[PDB]
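Trainee: There's a structure below that I have some questions on.
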Amino acid sequence: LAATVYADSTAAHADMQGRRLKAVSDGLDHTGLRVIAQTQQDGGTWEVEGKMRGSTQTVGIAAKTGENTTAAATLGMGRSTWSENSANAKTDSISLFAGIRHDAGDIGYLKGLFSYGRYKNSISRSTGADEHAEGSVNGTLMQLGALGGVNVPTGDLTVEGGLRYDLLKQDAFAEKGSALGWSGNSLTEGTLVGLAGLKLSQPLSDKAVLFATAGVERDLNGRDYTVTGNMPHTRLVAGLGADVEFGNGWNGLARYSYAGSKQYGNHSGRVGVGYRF
């Protein structure tokens, strides 16, 4: 029974969202205010062969609320699509992100991170020969995250890790059209995630900062979003990135990641502006 999509779309979003938090985290790391505005384009493939593409707009702020403290609340949205054999899933979301960065003098730091997010999946699948079954499904992801880091020694190294816990509540839905379509019973699921990354940053000038990143990330416990009445684990990720300064407050920013399983590659690229006050 198709349901694969439900579970498949839901998780594929679930993943993507985890990546959204990674940006917000960024936002702390980098005068109070830097208002910033980003886009993040994700594109992955799964395999009968899986595929995904996602795009999100995003605006948030990065207050230096004091000695050693940074505070950041971002809000954005996102659209996301999933193409599988017979089933497609368009996704729509709006979430609220926040992060708090405490520093220990110049050695390392803590990050408390939070996210609440709404999402709808319009699913549509060939549920039989010549027969359509579509359905609409509503839900919430909620993200909570601990994370500590150390500065290490022109050029600079950073080794950082922690845990994330995703809480997904999905509403109870109907598959209208073909009579072989599911009636979704609701779904609570939660998932601890280990996170472990290394970041190298070699400087170009006193106005442009260049870096390369590698890290891994496993799931400590089960995540499955099948409903009532395939998918692997561990990722390697590497990437590239630059900051650049453009004059009168203004500044650029750019980041590429590759997330690399055997049977799950993902490409994620961020780009946006920012204003420091």
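All residue numbers given for chain A refer to Swiss-Prot; the residues shown span 784-813, 816-832, 836-941, 945-1020, 1036-1083 in order.
Backbone N, Cα and C define each Cβ position, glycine as well.
Positions annotated as transmembrane segment by Swiss-Prot, on the basis of a large-scale study or a structure entry: 819-828, 844-852, 858-866, 883-891, 897-906, 931-941, 948-958, 984-994, 1000-1010, 1041-1052, 1057-1066, 1074-1083.
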Trainee: Given 3 unmodelled residues, what's the whole-number Å distance between the CA of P941 and the CA of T945?
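Mentor: So the endpoints of the gap, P941 and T945, lie 9 Å apart at their Cα atoms.
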Trainee: Does the chain bring the transmembrane segment (819-828) near the transmembrane segment (984-994), so that three or more CB pairs sit under 8 Å (pairs 6 or more apart in sequence)?
Mentor: no
Trainee: Residues sitting near the transmembrane segment (1041-1052): Cβ under 8 Å, six or more positions beyond its termini, same chain?
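Mentor: Tertiary neighbours of the transmembrane segment (1041-1052) are 813, 988, 995, 998-1009, 1058-1067, 1070, 1074.
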Trainee: Determine which recorded stretch among 883-891, 948-958, 1057-1066, 1074-1083 has the most C-beta pairs below 8 angstroms with the transmembrane segment (984-994).
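Mentor: Against the transmembrane segment (984-994), the leading stretch is 948-958.
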Trainee: Are there residues at least 6 beyond the ends of the transmembrane segment (948-958) whose Cβ is under 8 Å from a Cβ of it, and what are they?
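Mentor: Distal contacts: 797, 800-801, 804, 899, 901, 928-941, 979-992, 1006, 1011, 1014.
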Trainee: By a Cβ-Cβ criterion of under 8 Å, what residues six or more beyond either terminus of the transmembrane segment (1057-1066) are in contact with it?
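Mentor: Those are 802, 809, 819, 821, 823, 829, 1004, 1041-1051, 1072-1082, in sequence order.
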